[PDB]
Amino acid sequence: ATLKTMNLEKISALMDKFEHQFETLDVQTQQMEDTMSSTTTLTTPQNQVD
Amino acid sequence: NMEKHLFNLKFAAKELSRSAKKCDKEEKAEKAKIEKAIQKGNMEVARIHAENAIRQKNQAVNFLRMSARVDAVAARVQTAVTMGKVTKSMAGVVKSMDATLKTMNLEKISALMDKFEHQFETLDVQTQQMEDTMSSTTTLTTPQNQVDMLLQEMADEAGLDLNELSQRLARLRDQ
Amino acid sequence: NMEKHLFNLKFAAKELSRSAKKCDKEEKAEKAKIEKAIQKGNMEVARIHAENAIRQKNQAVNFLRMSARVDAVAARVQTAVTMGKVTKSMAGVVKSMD
Amino acid sequence: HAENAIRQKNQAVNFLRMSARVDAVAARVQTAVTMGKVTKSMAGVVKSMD
Amino acid sequence: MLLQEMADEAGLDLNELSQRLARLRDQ
Amino acid sequence: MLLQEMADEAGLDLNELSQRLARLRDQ
Amino acid sequence: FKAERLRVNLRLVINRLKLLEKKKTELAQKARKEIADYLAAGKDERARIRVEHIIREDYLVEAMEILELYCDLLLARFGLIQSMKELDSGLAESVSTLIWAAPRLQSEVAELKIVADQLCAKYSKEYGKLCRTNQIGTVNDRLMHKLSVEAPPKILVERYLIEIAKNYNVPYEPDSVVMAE
């Protein structure tokens, strides 16, 4: 029953989708972090941290 | 459903192992009995106990091999069950992430973050102006000269260090 | 919804790790048994216990690798869940501030 | 076990940086909330005094 | 199209020309 | 291999080709 | 015809062939031991049947290796499949063999039939089940021999038995009638 419902084609497609979705999430995280950092730059000067 | 079958398989394997152990023990006992009977001279009882001992030995070996086979099958089925749970969870995660990334995509997220940054920059400007005004409201209760003098006195008392003109300006204004 | 799937994923990873530990222990026991059987002279029982030991070793390694993979996936999904909460909160904040 | 250790190290560093970013954002939002309360109170005071 | 999409999503299987015909009609 | 090692360690006793077969298959 | 379907089925066929050849090598070791045991006794005409089984399985493993090679070749030149409409020379052998061997190994590897479908539904020049079987006269002859359903040569069986006996420390007197002719 299971391998009829969840076969190799569907599993492979689902996993490609998982990978692509979390890559997109990797991109979203990077951009979101760039912006989060750009928001607060006068409270954390690079010179002071160095 | 499959978890019940896995449980039954592992139970059967353990039962086979227990039976093999018990049969080995019974063989060890029947060897004592055959020794006794061969001492007493009983040939027929010795034959009976030898048959029993050989049978117990062979059936113990068979039970052991059988339990090994069932153990392999049960390990495989347990792997399959765990991987099925994992696959179901990852399918659910894929569905949820698909819905979300459809609603909250990279375009919308980037625009929302640009908006967040700009709104809080505007708030930075509002805070600065609001603070300028708050300070301008209360300037006769907090004279700059008095604060400077207090800091100088506190420093000089602590021994450490910290890291009039209006008349000249008026004379210059008179020209 | 996704939190439930994350919970199930982490549970499966922990189960795989436990199973790998148990299989390693069973291998250590079957080695004792094969030593005993090779002392008694039983060649067939020694073969059986050797098969069991090798199988337990290999399946323990497989369970360990599998649990590592599921752990990576679950960490990624947990990151995604937390970041989704953060993104939702920041969207709400953006709306209110607007 | 080496793969696991390296992965845990890297993901711990990532979680730490991520938590720092979210901490900055949350501090900014808390400042905004407090200043919004202050601004609302001062608007009410301005109305009453007017 | 709906059947093809539903099949491909389920992973299973199920068990343009007008322009060529018009060009043929032009002769 | 495990049985051979365990035997040799216990000092007792118990009572490659594929390449040659492939070369033979090539004929 | 669907491209991504063909891609996924090719990857699945590759993985399945890997697993199958592995486990078939293992089973071949075990059954070779069984044939050695058979030769230990006086049973000889039966060990010939067993070794026929063995060499059939070995031909099959070699054919599966070749098919895995060809599937990976198609998978490496997949864009060249999508771009053109008629297959080039570099892909003639792969397509031909994967269409010809699919019904042969359809039971072992199921996805291979889907691969054959996608490769028959994409072409019309001498294509289609009927024309696909008619234009199958360009497949790898070696693979045809590996998957040839025929009684292997007797001398080859004698050589297989000689080697197995010599390895398993068992005496064996080959049939001189075939061993010398």
# chains A, B, ... in the order shown; residues from 1 in each chain; ligands from 1

call {"tool": "interface_residues", "arguments": {"of": "chain A", "to": "chain E", "cutoff": "12 Å", "atoms": "only C-alpha atoms", "output": "JSON, numbers by chain"}}
result
{"A": [3, 4, 5, 6, 7, 8, 9, 10, 11, 12, 13, 14]}

call {"tool": "interface_residues", "arguments": {"of": "chain D", "to": "chain B", "cutoff": "10 Å", "atoms": "only C-alpha atoms", "output": "MDAnalysis selection string"}}
result
chainID D and resid 28:29 31:32 35:36 39

call {"tool": "residues_around", "arguments": {"residues": "residue 26 (chain C)", "least_positions_apart": "6", "cutoff": "9 Å", "atoms": "only C-alpha atoms", "output": "compact mmCIF listing (two decimals) with N, CA, C and O atoms, in the first residue's frame"}}
result
# COMPACT_ATOMS: atom_id res chain seq x y z
N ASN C 52 25.46 -12.95 12.76
CA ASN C 52 24.73 -12.00 13.59
C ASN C 52 25.60 -10.80 13.95
O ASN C 52 25.14 -9.66 13.90
N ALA C 53 26.86 -11.05 14.32
CA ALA C 53 27.74 -9.96 14.74
C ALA C 53 28.02 -9.01 13.58
O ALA C 53 27.95 -7.79 13.74
N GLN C 56 24.91 -6.99 12.81
CA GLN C 56 24.66 -5.95 13.80
C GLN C 56 25.63 -4.80 13.63
O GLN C 56 25.23 -3.63 13.72
N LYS C 57 26.90 -5.09 13.36
CA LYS C 57 27.88 -4.04 13.12
C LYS C 57 27.47 -3.17 11.93
O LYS C 57 27.42 -1.94 12.02

call {"tool": "atom_distance", "arguments": {"atom1": "CA of residue 113 (chain B)", "atom2": "CA of residue 20 (chain D)"}}
result
17.3 Å

call {"tool": "residues_around", "arguments": {"residues": "residue 69 (chain C)", "least_positions_apart": "6", "cutoff": "10 Å", "atoms": "only C-alpha atoms", "output": "number ranges by chain"}}
result
C: 13, 63, 75; D: 4

call {"tool": "interface_residues", "arguments": {"of": "chain D", "to": "chain C", "cutoff": "10 Å", "atoms": "only C-alpha atoms", "output": "JSON list (two decimals) with C-alpha atoms, in the first residue's frame"}}
result
[["chain", "number", "residue", "atom", "x", "y", "z"],
["D", 1, "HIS", "CA", 31.30, 11.41, 14.16],
["D", 3, "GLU", "CA", 30.84, 14.98, 10.16],
["D", 4, "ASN", "CA", 28.50, 15.32, 13.13],
["D", 7, "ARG", "CA", 28.13, 20.15, 11.46],
["D", 8, "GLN", "CA", 27.29, 20.92, 15.09],
["D", 11, "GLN", "CA", 25.37, 25.24, 13.00],
["D", 14, "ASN", "CA", 25.21, 30.08, 12.67],
["D", 15, "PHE", "CA", 22.62, 29.94, 15.46],
["D", 18, "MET", "CA", 21.30, 34.48, 13.95],
["D", 22, "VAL", "CA", 17.29, 38.77, 16.12],
["D", 25, "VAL", "CA", 16.01, 43.60, 15.80],
["D", 26, "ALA", "CA", 14.10, 42.90, 19.02],
["D", 29, "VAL", "CA", 11.42, 46.99, 18.19],
["D", 32, "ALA", "CA", 10.07, 51.59, 19.11],
["D", 33, "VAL", "CA", 7.29, 50.26, 21.36],
["D", 36, "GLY", "CA", 5.36, 54.86, 20.80]]

call {"tool": "interface_residues", "arguments": {"of": "chain B", "to": "chain A", "cutoff": "10 Å", "atoms": "only C-alpha atoms", "output": "number ranges by chain"}}
result
B: 84, 87-88, 90-91, 93-95, 97-98, 101, 105-107, 109-110, 112-114, 116-118, 120-121

call {"tool": "decode", "arguments": {"residues": "region 12-32 of chain C", "atoms": "C-alpha atoms", "output": "mmCIF file, in the first residue's frame"}}
result
data_model
loop_
_atom_site.group_PDB
_atom_site.id
_atom_site.type_symbol
_atom_site.label_atom_id
_atom_site.label_comp_id
_atom_site.auth_asym_id
_atom_site.auth_seq_id
_atom_site.Cartn_x
_atom_site.Cartn_y
_atom_site.Cartn_z
ATOM 1 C CA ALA C 12 12.903 9.509 14.427
ATOM 2 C CA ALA C 13 16.517 10.697 14.564
ATOM 3 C CA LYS C 14 16.748 9.911 18.276
ATOM 4 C CA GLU C 15 15.173 6.505 17.651
ATOM 5 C CA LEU C 16 17.765 5.738 14.974
ATOM 6 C CA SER C 17 20.581 6.745 17.330
ATOM 7 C CA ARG C 18 19.194 4.546 20.108
ATOM 8 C CA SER C 19 18.880 1.640 17.677
ATOM 9 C CA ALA C 20 22.481 2.080 16.530
ATOM 10 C CA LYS C 21 23.672 2.012 20.144
ATOM 11 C CA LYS C 22 21.604 -1.102 20.856
ATOM 12 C CA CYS C 23 22.930 -2.860 17.750
ATOM 13 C CA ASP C 24 26.524 -2.085 18.729
ATOM 14 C CA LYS C 25 25.825 -3.589 22.155
ATOM 15 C CA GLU C 26 24.302 -6.690 20.555
ATOM 16 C CA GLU C 27 27.393 -7.068 18.367
ATOM 17 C CA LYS C 28 29.594 -6.906 21.456
ATOM 18 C CA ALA C 29 27.495 -9.697 22.989
ATOM 19 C CA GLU C 30 27.478 -11.896 19.886
ATOM 20 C CA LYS C 31 31.277 -11.672 19.841
ATOM 21 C CA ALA C 32 31.341 -13.288 23.288
#
